[PDB]
Number of protein chains: 2
Amino acid sequence: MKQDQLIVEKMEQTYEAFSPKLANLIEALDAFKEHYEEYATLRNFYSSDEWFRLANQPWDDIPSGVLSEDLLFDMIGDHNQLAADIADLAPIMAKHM
Amino acid sequence: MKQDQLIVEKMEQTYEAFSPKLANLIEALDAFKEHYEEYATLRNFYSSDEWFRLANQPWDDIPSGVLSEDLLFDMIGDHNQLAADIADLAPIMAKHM
Ligand SMILES: [Ca+2]
Ligand SMILES: [Ca+2]
Ligand SMILES: [Cl-]
Ligand SMILES: [Cl-]
Ligand SMILES: [Cl-]
Ligand SMILES: [Cl-]
């Protein structure tokens with residue numbers, strides 16, 4: 001039918017929008033999880049005595065980005081915002097099971 | 001120093017591994033969130049009277065994937081596994097704030 005076709009088209013367009021985003025999140029989450037064990041190391045290094053001492057050494061090349069005033073600060077911020085977004089999503093997904 | 005260099009190298013290698021995975025998850029989560037409002041539509045369509053009726057019509061071309069026995073079933077499974085993984089991650093991230 002002409003009308004059955006309309007229903008199917010709408011559903012296919014909906015699936016095509018949503019399904020790749022579901023897939024990409026699953027993939028990204030799995031990759032993140034294999035390395036999240038390293039986060040405390042980086043968080044704890046930023047603003048530590050050693051980080052500051054190293055940042056203020058007279059390097060003969062451009063210092064590593066980890067030694068900058070802002071790079072790991074921004075990483076911590078991105079982490080904390082992600083934590084909040086994951087916390088907010090969790091019960092919403094549970095509701096859709 | 002030779003040794004200060006060792007500390008910095010280790011931290012830089014750690015950051016280079018972790019930081020892109022954090023970024024990719026943030027990006028994937030944001031994209032998913034803009035379309036998660038469509039999930040109930042697709043979930044509810046699968047195994048519905050209309051879905052089954054449409055799947056059993058005599059289409060003159062290959063039926064749309066949404067009409068298959070397995071495609072949306074697998075999407076629901078992927079969703080439910082993701083829900084559980086997000087629920088498990090949420091308190092772990094809170095602990096690292
Ligand atoms: Ca396509
Ligand atoms: Ca590189
Ligand atoms: Cl690991
Ligand atoms: Cl490790
Ligand atoms: Cl939307
Ligand atoms: Cl919408």
Side-chain angles (χ1 to χ4, degrees), chain A residues 1 4 7-12 14-15 17-36 38-43 45 50-51 53-54 57 59 63-67 71-72 75 78-94 96-97, chain B residues 1 4 7-12 14-15 17-36 38-43 45 50-51 53-54 57 59 63-67 71-72 75 78-94 96-97:
Chain A
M1 251 196 270
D4 289 347
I7 293 174
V8 174
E9 277 164 3
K10 171 185 150 193
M11 290 299 328
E12 188 179 84
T14 303
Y15 177 81
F18 174 77
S19 173
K21 291 164 183 63
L22 171 62
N24 293 348
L25 177 53
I26 289 170
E27 187 176 39
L29 179 66
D30 277 338
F32 178 84
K33 284 170 63 178
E34 290 297 337
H35 300 278
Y36 187 34
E38 320 297 352
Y39 177 70
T41 294
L42 290 169
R43 185 201 69 200
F45 181 66
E50 297 96 327
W51 163 86
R53 182 187 71 74
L54 293 164
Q57 292 288 62
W59 303 96
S64 179
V66 298
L67 300 184
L71 190 71
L72 297 175
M75 174 208 66
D78 285 351
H79 171 277
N80 291 351
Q81 183 59 51
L82 178 61
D85 289 338
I86 292 292
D88 286 346
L89 185 58
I92 296 174
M93 299 194 78
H96 286 84
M97 292 179 318
Chain B
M1 251 196 270
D4 289 347
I7 293 174
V8 174
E9 277 164 3
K10 171 185 150 193
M11 290 299 328
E12 188 179 84
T14 303
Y15 177 81
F18 174 77
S19 173
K21 291 164 183 63
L22 171 62
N24 293 348
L25 177 53
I26 289 170
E27 187 176 39
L29 179 66
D30 277 338
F32 178 84
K33 284 170 63 178
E34 290 297 337
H35 300 278
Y36 187 34
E38 320 297 352
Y39 177 70
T41 294
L42 290 169
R43 185 201 69 200
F45 181 66
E50 297 96 327
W51 163 86
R53 182 187 71 74
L54 293 164
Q57 292 288 62
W59 303 96
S64 179
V66 298
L67 300 184
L71 190 71
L72 297 175
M75 174 208 66
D78 285 351
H79 171 277
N80 291 351
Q81 183 59 51
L82 178 61
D85 289 338
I86 292 292
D88 286 346
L89 185 58
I92 296 174
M93 299 194 78
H96 286 84
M97 292 179 318

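What's counted below: heavy atoms across the whole structure, side chains too, no hydrogens, waters or symmetry copies. Each chain gets a letter, A, B and so on, in the order its sequence line appears, and its residues count up from 1.
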Side chain to side chain contact (heavy atoms under 4.5 Å, CB included) between A/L29 and B/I86, worked out: CA-CA 9 Å; A/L29 179 66; B/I86 292 292; 4.0 Å; yes
Residues which pass ring-ring contact (aromatic ring centres under 6.0 Å, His included) with B/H35, listed by chain and number, not counting sequence neighbours: none
Minimum heavy-atom distance B/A90-A/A87, with the two atoms named: CB-CA, 4.0 Å
Interatomic spacing from CZ in A/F18 to CZ in B/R43 - rounded to 0.5 Å: 10.5 Å
Atom group of B/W51 that falls short of 4.5 Å from chain A, counting heavy atoms: neither
Region of B/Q57 in contact with chain A, defined by heavy-atom distances below 4.5 Å: side chain
Largest heavy-atom contact set with chain A, pairs under 4.5 Å, which of B/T14, B/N24, B/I7: B/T14
Test side-chain hydrogen bond (donor to acceptor under 3.5 Å, both in side chains) applied to B/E27 - qualifying residues, sequence neighbours left out: none
Most contacts with chain B, counted as non-hydrogen pairs under 4.5 angstrom, among A/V66, A/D4, A/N80: A/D4
Max heavy-atom pair count under 4.5 Å with chain B, selected residue of A/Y36, A/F45, A/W59: A/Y36
Spacing of B/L42 atom CG and A/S19 atom OG [to the nearest 0.5 Å]: 8.5 Å
Contact winner vs chain B - A/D78, A/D30, A/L72, heavy-atom pairs under 4.5 Å: A/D78
Non-hydrogen atoms of A/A31 and B/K21 that approach each other most closely: O-CD, 3.8 Å
Chain B interface, residue from A/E38, A/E12, A/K33 that has the most non-hydrogen pairs under 4.5 Å: A/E12
Contacting region of B/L54 [heavy-atom separation from chain A under 4.5 Å]: side chain
Per-residue contact mode, A/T41 against chain B (heavy atom under 4.5 angstrom): both
Ring geometry between A/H79 and B/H96 (parallel below 30°, tilted from 30 to 60°, perpendicular above 60°): perpendicular
B/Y15 portion near chain A, given a 4.5 angstrom heavy-atom threshold: both
